[PDB]
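A.B. asks: Could you have a look at this structure, given as structure tokens, before my questions?
Using ideal geometry, Cβ is built from the backbone for each residue, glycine included, and neighbour counts are taken over all protein chains shown. Read-outs throughout are calculated quantities, based only on the coordinates presented, and are distinct from any laboratory measurement.
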Amino acid sequence: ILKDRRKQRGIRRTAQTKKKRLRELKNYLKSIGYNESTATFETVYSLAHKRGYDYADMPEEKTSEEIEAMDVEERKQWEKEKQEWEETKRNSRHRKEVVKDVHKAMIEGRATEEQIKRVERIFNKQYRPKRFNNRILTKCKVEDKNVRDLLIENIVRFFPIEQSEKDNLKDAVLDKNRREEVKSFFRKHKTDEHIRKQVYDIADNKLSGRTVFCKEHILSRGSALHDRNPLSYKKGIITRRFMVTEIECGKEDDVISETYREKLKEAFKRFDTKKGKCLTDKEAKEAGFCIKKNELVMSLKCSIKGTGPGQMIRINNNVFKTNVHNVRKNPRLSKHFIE
RNA sequence: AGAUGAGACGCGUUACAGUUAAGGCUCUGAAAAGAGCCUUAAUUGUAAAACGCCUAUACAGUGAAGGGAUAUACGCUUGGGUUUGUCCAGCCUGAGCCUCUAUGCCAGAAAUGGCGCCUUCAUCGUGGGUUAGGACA
């Protein structure tokens, strides 16, 4: 399964793009004349980390009659999109706000309007171009959404009625005004319910125009090295910080902080707990815990068990858990081991 | 009835540094208390998140000029980097080309124009691509 590979790819490329734009903003603000120790630079640079989300303002707008229409998978995916939008907007700002703090900071530093527009360009510049439209190349190009009229021609051609009302049905379905007329003939002649969902799927132009033939005949130890999340390794004790929700009920004794361990124990005692499985977020939130500003549940340092210094490698500041362990040490990771 | 692919916004982890709150230790002081160190949590700032391989004939920015459907490329053909002991997928890209495919944004009923986009020159720098997926050894 390559879905986790795609997720890691996206995180990697997003971090690289953020590196590129921070480097360009750093270079341009140095080229203006004020490098450091001037409060315009710290303000604008700290704004640049959290630049905002104007590109997808109100993403995937949809009406409730459409929410009642699609399949279970698509409506669960749309609920995921709605939850993603709600979760980001509590921590994301729209970019026109971030532009406003950039303007405030740069006006406070008596800069020119051309410099403000140039910083605006650096903030809005797209580095890796959105190249998405023609990506999947499932081909029968060797003969052995842009196909709308051909597709309804394939659907309607099996109806017993004569060709002229087939053309009128085609003209009714390609035009968005005449949908009630399609319901009129669709009540008039009783076909399968698969025919309604299919025909009104071309009427709503989902991704079905690419799964198609050529137009003339429409008629372990392999790749991964180590764990994703860095661990903390200081003076011989190995720990990693966990959120309270993420701590499983069977692992409460592993928390290094004693007082929060007792509070988690009486949290499991006060509320109904499931023995040894992961505990819920809002279920944990009602008990006595300090709240965070942004994500709204605290974090507690936890001890990692079962592994030790025999696998730990150090790439820059981070310390990871090696997945392959001994290959005799692995030659690719042989230079980064701790001992 | 299901799967490959692009671009960000965010969250989370780690390192360093600062601040606040709570706790512990030491010194000083007649005492109130003052100072310093350590632990936990919250908050802020900067940085890292494959190892590596390839690329300076490259990559990126700015300005000017020209083109922009008689056109470009996420396309085709043929090569290359990732690439190894060998072969792929995916991504990125050189040359030719418009045969298939794809062709964004804004104003305008439209014609059309302006942005995005492509090429050249000058200037400024060092930057860019791919790496968590497989199969045979």
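A.B. asks: Looking for whichever is among the small types (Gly, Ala, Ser), over 24 Å from the mean Cα position of the chain (by Cα) and within 11 Å of RNA strand B (Cβ to nearest atom) here; the options are A:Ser31, A:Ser37. Which one fits? Even if it seems obvious, please write down each step before you answer.
C.D. replies: Details: A:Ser37 fails: within 11 Å of RNA strand B (Cβ to nearest atom).
Result of the check over A:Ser31, A:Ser37: A:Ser31.
A.B. asks: Among (1) among the basic types (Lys, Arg); (2) more than 9 Å from RNA strand B (Cβ to nearest atom); (3) under 15 Å from the mean Cα position of the chain (by Cα); (4) surrounded by fewer than 10 Cβ atoms within 10 Å (Cβ to Cβ), where does A:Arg110 come up short?
C.D. replies: The single condition A:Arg110 does not satisfy is (3).
Residues checked against (1) surrounded by 12 or more Cβ atoms within 10 Å (Cβ to Cβ); (2) within 30 Å of the chain's Cα centre (by Cα); (3) not aromatic (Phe, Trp, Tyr):
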position: A:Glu262; (1), (2), (3): yes, no, yes
position: A:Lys265; (1), (2), (3): yes, no, yes
position: A:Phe271; (1), (2), (3): yes, no, no
position: A:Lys274; (1), (2), (3): no, no, yes
position: A:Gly288; (1), (2), (3): no, no, yes
position: A:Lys293; (1), (2), (3): no, yes, yes
position: A:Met298; (1), (2), (3): yes, yes, yes
position: A:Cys302; (1), (2), (3): yes, yes, yes
position: A:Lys305; (1), (2), (3): no, no, yes
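A.B. asks: Quick check on the stretch A:309-339: of everything there that is more than 10 Å from RNA strand B (Cβ to nearest atom) and surrounded by fewer than 11 Cβ atoms within 10 Å (Cβ to Cβ), which residue is farthest from A:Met243 (Cα to Cα)?
C.D. replies: Per the stated criteria, the residue is A:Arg328.
A.B. asks: Follow-up question, since we're still on this one. For the stretch A:7-27, does any single residue satisfy the condition of being within 30 Å of A:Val199 (Cα to Cα) and exposed (fewer than 11 other Cβ atoms within 10 Å of the Cβ)?
C.D. replies: Filtering the stretch A:7-27 down to residues within 30 Å of A:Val199 (Cα to Cα) leaves none.
No, that holds for no residue.
A.B. asks: Before we move on, is A:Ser232 out of contact with any helix residue (DSSP H, G or I) (no Cβ under 9 Å at 6 or more places or on another chain), outside any loop (DSSP other than H, G, I, E, B) and within 7 Å of RNA strand B (Cβ to nearest atom)? I'd like the intermediate steps shown before the answer.
C.D. replies: Values: out of contact with any helix residue (DSSP H, G or I) (no Cβ under 9 Å at 6 or more places or on another chain): yes; outside any loop (DSSP other than H, G, I, E, B): yes; within 7 Å of RNA strand B (Cβ to nearest atom): yes.
Yes; evaluated as a whole, the condition is true for this residue.
A.B. asks: A further question follows. Could you give every pair whose Cβ atoms fall below 9 Å, whose first residue belongs to the stretch A:195-222 and is under 12 Å from A:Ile152 (Cα atoms), and whose second residue is small (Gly, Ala, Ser), counting only separations of at least 6 or pairs across chains?
C.D. replies: A:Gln198/A:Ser208; A:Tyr200/A:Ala69; A:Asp201/A:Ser208; A:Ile202/A:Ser208; A:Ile202/A:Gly209
A.B. asks: Just one of A:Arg21, A:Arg51, A:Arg13, A:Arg6 is charged (D, E, K, R), within 9 Å of RNA strand B (Cβ to nearest atom) and over 18 Å from the mean Cα position of the chain (by Cα); which is it? Walk me through it before giving the result.
C.D. replies: Details: A:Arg51 fails: over 18 Å from the mean Cα position of the chain (by Cα); A:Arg13 fails: over 18 Å from the mean Cα position of the chain (by Cα); A:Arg6 fails: over 18 Å from the mean Cα position of the chain (by Cα).
Going through A:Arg21, A:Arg51, A:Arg13, A:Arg6 in turn, the sole match is A:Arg21.
Results for (1) touching a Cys at 6+ places or on another chain (Cβ under 9 Å); (2) acidic (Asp, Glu), shown as yes or no for each residue.
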{"residue": "A:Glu262", "(1), (2)": "no, yes"}
{"residue": "A:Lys274", "(1), (2)": "yes, no"}
{"residue": "A:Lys282", "(1), (2)": "no, no"}
{"residue": "A:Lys285", "(1), (2)": "no, no"}
{"residue": "A:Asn294", "(1), (2)": "no, no"}
{"residue": "A:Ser303", "(1), (2)": "no, no"}
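A.B. asks: Another question, then. So which of A:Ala111, A:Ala69 is of a type in the set (A, V, I, L, M, F, W, C), more than 30 Å from A:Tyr28 (Cβ to Cβ) and not in a helix (DSSP H, G or I)? Give the derivation first.
C.D. replies: On the way: A:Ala111 fails: more than 30 Å from A:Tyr28 (Cβ to Cβ).
Of A:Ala111, A:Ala69, the one residue that is of a type in the set (A, V, I, L, M, F, W, C), more than 30 Å from A:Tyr28 (Cβ to Cβ) and not in a helix (DSSP H, G or I) is A:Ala69.
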